[PDB]
């Protein structure tokens, strides 16, 4: 007997008996069986003789973490703890199937990581691409197997070491789950980098039930080299982001960074706070990514978020390839409170709550976006920020509905003249959208709704001001190049009495058979001489399209009154019947509500 030698060997714990709480009905086990119920990096962080190695800036922990993942996977899975109170440095690339993804660690199905300590990237990675955790098992994703049931969670940290990108063409990621099913990241802080993304869920539609919750993403763009950034990229359905925090402090992030991109159906972005980013969320169906879950992005939800951004909050898109056409529909944007941060006009991408953006090539005639509801959001831009819109409508739009929002910025609807000429269908701006007054007196030469489109059909614009802004050129203007048909355009009279122009139709498009319109105008009239009931007629003949008009002015006169209400005549005059108590030709200038078919 050297029981003593056994006890001191690595098998010693397998010889020391244990029964839970001295319970005679419990299993008769050995200490090693109970200790085997859990597993940490420490169980693999050793030299070839089995001696534990201390982590630190001059130790590459990657091979030890991989060994731990590879082993737990072999037993059907479990959860490996990355211990608290230590920083574990990664200092070399992985090998095999993840090498094509500049992968550091390969994730494996059913193997969870409980990250309590800190994972840091060593300077080996400075100026290089990297993707810290990769779930593909093959360089070519199309030939990759899946990652299932893989969760990363804890109070720990992933720190990208502050290193800048070496070249704009490089990619960097934190967690690339691959073709991912029931995978998640919960509680982790991702910080201190220059990366493309922090987490990507799914791969071109392949994946399901992937989620990012209660995570923090802090200072993840730091250079002019970085081409682009979207902090969480959701590229599988039935997946989303909730209750996260996103913050950036570099100037470059104001111009290139987006918090989330939702690229597949039944995805969501909720209850998060964003600060310092260019963009809130892209909601898009890219044809080039339609392989796993179909050609439609539908059931897309952006809800109850708080954002301070420099560019656009939600960007809608869809596009085509030679062989696939992408479609976007059935979207809700609700409950968000968003502002454009303090900045000079035009110093960052054009500020907007909703942007209908062109494709990556800049095409504006490929999109099929419809059945979008934008409701119960607030938006605010400071008064100096000329380039701020409720919606920048820069590409073809097949429908978008606004109800009960509060927009307080320079423009309501905008698209630049002399740029794209979008085809617009089913734009619905309900009268319950409240138009703020922060930009009152700043709108010289500007149209509040600047309808710079090829055409508008089946649309509703119900303008309601809630304060005066006599600087604006018009509440709404259509250039002559914009066709307008089967539409309803109204300007409420409140706060408009002193406006020269309320609604402007540069091609007289309001005359159209199925155009329904009402807006204030000032009209000069003259009556016949007759005592008693007497007609008054407009001097100008521009009113052939008017079905009725009524007075918005008081009558200062005792001896006569103009008509309360007017119709038209074939020559384009208005006509109504007033009353001369005493006879005489009368001449008056009156403010009328002009109406056509309403």
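Positions refer to the first chain, counted from 1.
- Remark: stretch with higher mean C-alpha B factor among 530-538 and 60-68 is 60-68.
- Per-stretch averaging of Cα B factors for 262-270 and 81-89 places 81-89 on top.
- Highest CA B-factor among the listed residues (392, 184, 455, 222): 222.
- Of the candidates 355, 368, 359, 468, the PDB record gives 359 the highest C-alpha temperature factor.
- When the modelled residues of the chain are ordered by C-alpha B-factor, residue 565 sits in the lowest third.
- Residue 136 sits in the highest third of its chain by CA B factor, as recorded in the PDB entry.
- Annotation for residue 9: C-alpha temperature factor in the highest third relative to the rest of the modelled chain, per the entry.
- Looking at the C-alpha B-factors along this chain, the one for residue 495 belongs to the lowest third.
- Ranked against the other modelled residues of its chain, the C-alpha B-factor of residue 19 as given in the entry falls in the highest third.
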